[PDB]
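The data below hold one chain only, encoded as structure tokens and taken in the form deposited without the RNA.
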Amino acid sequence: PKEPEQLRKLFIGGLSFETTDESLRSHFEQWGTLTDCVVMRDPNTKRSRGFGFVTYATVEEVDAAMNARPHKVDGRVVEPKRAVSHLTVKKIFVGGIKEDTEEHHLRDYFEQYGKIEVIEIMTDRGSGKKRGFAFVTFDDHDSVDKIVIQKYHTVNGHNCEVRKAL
């Protein structure tokens, strides 16, 4: 029961024009089995378009590669990102938390996706009452990318709606 291929791909931007299918594969095979690895090139000149993609056998292998950033590939720091579900942001909206969800609930849950920098539990401008949603800001976009492709998020017993923010 393999994870969907779309969830096992990493788009690699910022490639050296010298990077090849073979050299990109040799690099990223350090973090797992690669079922696909392509450098995008011009159809007429064969000159590199400066980006490519690798497909791992499992999602855990994608995580391993992302946790090994920064990647310097053939002398150039590249920019890996998970495939589109790119709106590259570090902040999420968390809705459906009602009035009893506190900072530590959100922190304890979301800290396993990435390093948290800000947690903002929203309150009513007039009364101070909790409005039932929050924003979490991480230090890096991959946390958010992992979060928003999950079907479900359960925090403080609530089934929450989570999406990318601004």
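The first residue of the shown sequence is 1; numbering continues from there.
There is another form of the same protein, the form deposited with the RNA bound; it is not shown, and what comes next is about it.
Using a 4.5 angstroms threshold between heavy atoms, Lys115 stays clear of the RNA in the deposited bound form.
With a 4.5 Å cutoff on heavy atoms, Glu3 does not count as touching the RNA in the deposited bound form; it lies far away. Not displayed here, the RNA is kept clear of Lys90 by more than 4.5 Å at the level of heavy atoms in the deposited bound form. The RNA in the deposited bound form comes within 4.5 Å of no heavy atom belonging to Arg107.
The partner is not drawn, yet in the deposited bound form one stretch among 26-34, 61-69, 45-53, 107-115 has residues with heavy atoms inside 4.5 Å of the RNA: 45-53.
Interface residues of 85-114, taken as those with a heavy atom within 4.5 Å of the RNA in the deposited bound form (partner not displayed): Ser85, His86, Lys91, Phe93, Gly95, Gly96, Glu99, in sequence order.
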